[PDB]
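Asks: I have a structure here, written as structure tokens, and I will follow up with some questions on it.
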Amino acid sequence: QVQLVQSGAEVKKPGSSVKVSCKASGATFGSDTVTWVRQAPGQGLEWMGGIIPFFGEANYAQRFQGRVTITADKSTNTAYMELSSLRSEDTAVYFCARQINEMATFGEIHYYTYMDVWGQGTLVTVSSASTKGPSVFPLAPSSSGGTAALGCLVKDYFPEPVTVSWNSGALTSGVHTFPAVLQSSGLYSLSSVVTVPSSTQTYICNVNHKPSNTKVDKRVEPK
Amino acid sequence: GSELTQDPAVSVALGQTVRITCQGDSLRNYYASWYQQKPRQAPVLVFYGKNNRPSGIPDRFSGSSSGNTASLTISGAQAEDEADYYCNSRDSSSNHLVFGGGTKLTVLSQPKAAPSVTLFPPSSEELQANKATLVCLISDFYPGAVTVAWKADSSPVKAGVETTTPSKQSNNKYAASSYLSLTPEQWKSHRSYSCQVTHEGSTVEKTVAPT
Numbered sequence: 001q002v003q004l005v006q007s008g009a010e011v012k013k014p015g016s017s018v019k020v021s022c023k024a025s026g027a028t029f030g031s032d033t034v035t036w037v038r039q040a041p042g043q044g045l046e047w048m049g050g051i052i053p054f055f056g057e058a059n060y061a062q063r064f065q066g067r068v069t070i071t072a073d074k075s076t077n078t079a080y081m082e083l084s085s086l087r088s089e090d091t092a093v094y095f096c097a098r099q100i101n102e103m104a105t106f107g108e109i110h111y112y113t114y115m116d117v118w119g120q121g122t123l124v125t126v127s128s129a130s131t132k133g134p135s136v137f138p139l140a141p142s143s147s148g149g150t151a152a153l154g155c156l157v158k159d160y161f162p163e164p165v166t167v168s169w170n171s172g173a174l175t176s177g178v179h180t181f182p183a184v185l186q187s188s189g190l191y192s193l194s195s196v197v198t199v200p201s202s206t207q208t209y210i211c212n213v214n215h216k217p218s219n220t221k222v223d224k225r226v227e228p229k
Numbered sequence: 001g002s003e004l005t006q007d008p009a010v011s012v013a014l015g016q017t018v019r020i021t022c023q024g025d026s027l028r029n030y031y032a033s034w035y036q037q038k039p040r041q042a043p044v045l046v047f048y049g050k051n052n053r054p055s056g057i058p059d060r061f062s063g064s065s066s067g068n069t070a071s072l073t074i075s076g077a078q079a080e081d082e083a084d085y086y087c088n089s090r091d092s093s094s095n096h097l098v099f100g101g102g103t104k105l106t107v108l109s110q111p112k113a114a115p116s117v118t119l120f121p122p123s124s125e126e127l128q129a130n131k132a133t134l135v136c137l138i139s140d141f142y143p144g145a146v147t148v149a150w151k152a153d154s155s156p157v158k159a160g161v162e163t164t165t166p167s168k169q170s171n172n173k174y175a176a177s178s179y180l181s182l183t184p185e186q187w188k189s190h191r192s193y194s195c196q197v198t199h200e201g202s203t204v205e206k207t208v209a210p211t
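Those protein sequence lines, which keep their order, are chains A and B.
Here the first sequence stands for residues 1 to 143, 147 to 202, 206 to 229, numbered as in PDB author numbering.
If you're matching positions, the second sequence starts at 1 in PDB author numbering and goes up one per residue.
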């Protein structure tokens, strides 16, 4: 019946400003308030602010007053959140939700505030880096029966997605692609390993970084 | 209610019953709202008010109140229930909303598994660019919580270390990786570089040296 759809992900400069949207399907805004709450990678939920589109006035959290601006348009039935003077610490997923304050008058007259519908979330990533091509290095093996491990280290690539295929996708004998790691420079570094009998075959990893249109084959010769 | 607190992590077996607590100052007037969040998706309202469980949510979830404390009881404690649960309330002085720190419920679904550590030193080809990076890869460990500590000749090192949060889909046993970035001069300066992967109370160690 009800649905909230937000705008796509956004990589933004560390001095720019984002305006994330939150469009409502089915029921209109009405009195039910629109709350914006963000979550940093690995941290918990942080209430940013709320607005009541019927009246129009909003209220923000203590630390955001001045930066954040929550707006509502009834013509398109869309909530907006503007955030200025971005920085890495603002890199997070921003959710909008419908907050429904309610009361139970029986007994002590107790209140309850819940949020039934949420938006899928909008990832805002604040980094100073630009699209960079990966650098591939060969993690060679060295002297359980057999099962020697060798891999490829992709390093210093900013655009998040990257793929690694061993022998052009023909090798899948214990091939694991670890999630990349974000280093201080804002550039990602991934690893791709594979275990094989110590015994001959040719081992070549092909890295494909589609954003910057980079493709690199790399032979992992031992010592 | 200027703040809400709750345990960072709790563990239970696959069939056990868990009771996550949320203790705050305004929980007397306001009922706690409980949300379940899975890693790559938005929170889901799992409980609100009293005995008001939203449609579709299983019947394992129950809410309880006792003055300044609220509690969410999950009777089944199934593998799908492994997640992060947040409690929410409304402040009385102002319209500000308070969220609990969140409790990470880990349902022990599989037997314990020891971590497999492999340490790759900086490849000679990388040293051509005047850079070096030690790669410490941990694989097949359950539960999926591990801590990495780097050392240099019996001396813990803290700078240049970037560790991956454990995660694996091939099987329930998790996997992680750690990178120690440093210059060739630093690498050839010391006689040893050790990666200590501590899982549960056990600690595996993998050492490399310039040779």
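Cβ coordinates follow ideal geometry from the N, Cα and C atoms, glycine included.
Rounded to whole angstroms, what's the CA-CA distance from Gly101 (chain B) to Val46 (chain B)? Just pull it up for me.
Replies: Approximately 17 Å between the Cα atoms of the pair.
Asks: May I ask you to list, following chain order, the residues of the region 28-43 of chain B that have a beta carbon less than 7 Å from some beta carbon of chain A?
Replies: Per Cβ criterion, the list reads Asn29, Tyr30, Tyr31, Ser33, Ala42 and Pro43.
Asks: What residues of chain A sit near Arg90 (chain B), judged by a beta carbon separation below 9 Å?
Replies: By Cβ distance, chain A contributes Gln99, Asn101, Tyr111, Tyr112 and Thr113.
Asks: The alpha helix (DSSP H) with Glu162 (chain B) in it runs from where to where?
Replies: Looking at the DSSP string, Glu162 (chain B) is not in any alpha helix (DSSP H); the run it does join, the beta strand (DSSP E), is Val161 to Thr163.
Asks: Suppose only complete runs of 4+ residues qualify. What are the alpha helix (DSSP H) ranges in the region 122-157 of chain B, listed by chain order?
Replies: With a minimum length of 4 residues, the continuous alpha helix (DSSP H) runs that stay inside the region 122-157 of chain B are 124-127.
Asks: If you measure between the beta carbons of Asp140 (chain B) and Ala113 (chain B), is that distance less than 8 Å?
Replies: Yes. Within cutoff.
Asks: Are there 16 or more other CB atoms within 10 angstroms of the CB of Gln65 (chain A), so buried, or fewer, so exposed?
Replies: With fewer than 16 Cβ atoms within 10 Å of its Cβ, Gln65 (chain A) is classed as exposed.
Asks: For the putative contact between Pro115 (chain B) and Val204 (chain B), defined by C-beta atoms under 8 Å, what is the C-beta separation to the nearest angstrom?
Replies: Confirmed, Cβ separation roughly 6 Å.
Asks: Determine which residues share a DSSP beta bridge with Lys23 (chain A) and list them.
Replies: A:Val5 and A:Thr78, per the DSSP bridge assignment.
Asks: Using alpha carbons as the reference points, say which of B:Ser189, B:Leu72, B:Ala79 and B:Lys206 lies closest to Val148 (chain B).
Replies: Answer by Cα proximity: B:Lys206.
Asks: Report the rounded CA-to-CA distance for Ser65 (chain B) versus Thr5 (chain B), giving the unit in angstroms.
Replies: If you take the alpha carbons of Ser65 (chain B) and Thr5 (chain B), they lie about 15 Å apart.
Asks: So, for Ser31 (chain A): in the same chain, excluding its five sequence neighbours on each side, which residues have a beta-carbon less than 6 Å away from its beta-carbon?
Replies: These residues qualify, in order along the chain: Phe54.
Asks: Let's see if you can read the secondary structure: which residues bound the beta strand (DSSP E) around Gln196 (chain B)?
Replies: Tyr193 to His199 is the span of the beta strand (DSSP E), which, as asked, contains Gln196 (chain B).
Asks: Please list, in chain order, all residues of the same chain as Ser85 (chain A) whose beta carbon is under 8 Å from its beta carbon, the five residues on each side excluded.
Replies: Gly15, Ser17 and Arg67.
Asks: Any C-beta of chain A within less than 8 Å: which residues of the region 128-143 of chain B qualify?
Replies: Listed by position, the residues of the region 128-143 of chain B near chain A (Cβ gap below 8 Å) are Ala129, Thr133, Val135, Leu137 and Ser139.
Asks: I'd like to know whether the C-beta atoms of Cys22 (chain A) and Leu45 (chain A) end up nearer to each other than 8 Å.
Replies: Not in contact: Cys22 (chain A) and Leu45 (chain A) (Cβ atoms no closer than 8 Å).
Asks: Taking 8 Å as the cut-off, decide whether the C-beta atoms of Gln99 (chain A) and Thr28 (chain A) are in contact.
Replies: No; because the gap between Cβ atoms is not below 8 Å, this pair is not in contact.
Asks: Can you pull the chain A neighbours of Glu126 (chain B), defined as C-beta to C-beta under 7 Å?
Replies: Neighbours of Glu126 (chain B) on chain A, chain order: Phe137.
Asks: Answer with yes or no whether the minimum CB distance from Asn95 (chain B) to chain A is below 8 Å.
Replies: Judged by the 8 Å Cβ criterion, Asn95 (chain B) is in contact with chain A.
Asks: Can you name, in chain order, every residue of its own chain whose Cβ lies under 8 Å from the Cβ of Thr113 (chain A), other than the five neighbours on each side?
Replies: Taken in chain order, the residues that qualify are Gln99, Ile100, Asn101 and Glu102.
Asks: Do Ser181 (chain B) and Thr133 (chain B) count as a contact pair if the criterion is CB distance below 8 Å?
Replies: Yes, these two residues count as a Cβ contact at 8 Å.
Asks: Would you mind reading off the limits of the beta strand (DSSP E) that contains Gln23 (chain B)?
Replies: Unbroken beta strand (DSSP E) run through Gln23 (chain B): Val18 to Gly24.
Asks: Give the DSSP-derived three-state secondary structure of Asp81 (chain B) in the structure shown.
Replies: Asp81 (chain B) falls in the helix class under three-state DSSP.
Asks: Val44 (chain B) and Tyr35 (chain B) - do their beta-carbons sit closer together than 8 Å?
Replies: For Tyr35 (chain B) and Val44 (chain B), yes; Cβs fall inside 8 Å.
Asks: Let me check one thing: in DSSP terms, what residues is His215 (chain A) bridge-paired to?
Replies: DSSP output for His215 (chain A) lists A:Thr220 as bridge partner(s).
Asks: Against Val184 (chain A), what residues of chain B qualify as contacts under a CB-to-CB distance less than 9 Å, listed in chain order?
Replies: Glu162, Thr163, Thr164, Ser177, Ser178 and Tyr179, listed in chain order.
Asks: Using a Cβ-Cβ cutoff of less than 8 Å, which residues in the same chain neighbour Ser176 (chain A) once the five nearest sequence positions on both sides are dropped?
Replies: These residues qualify, in order along the chain: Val197, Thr198 and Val199.
Asks: When you compare only the Cα positions, how much space is there between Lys74 (chain A) and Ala40 (chain A)?
Replies: In a straight line, the C-alpha of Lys74 (chain A) is about 30 Å away from that of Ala40 (chain A).
Asks: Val196 (chain A) CB to nearest chain B CB: under 8 Å?
Replies: True, the Cβ-Cβ gap to chain B drops below 8 Å.
Asks: Please tell me whether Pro54 (chain B) has its Cβ less than 8 Å away from any Cβ of chain A.
Replies: True, the Cβ-Cβ gap to chain A drops below 8 Å.
Asks: Once you ignore the five residues that flank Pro162 (chain A) on each side, which residues in its own chain have a CB closer than 6 Å to its CB?
Replies: Excluding positions up to five away in sequence, the list reads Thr131 and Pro217.
Asks: Do you know how far the Cα of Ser194 (chain A) is from the Cα of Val157 (chain A)?
Replies: Rounded to the nearest angstrom, the two C-alpha atoms are 6 Å apart.
Asks: Would you please verify whether the beta carbon of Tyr86 (chain B) is less than 8 Å from any beta carbon of chain A?
Replies: It does: the Cβ of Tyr86 (chain B) has a partner Cβ on chain A nearer than 8 Å.
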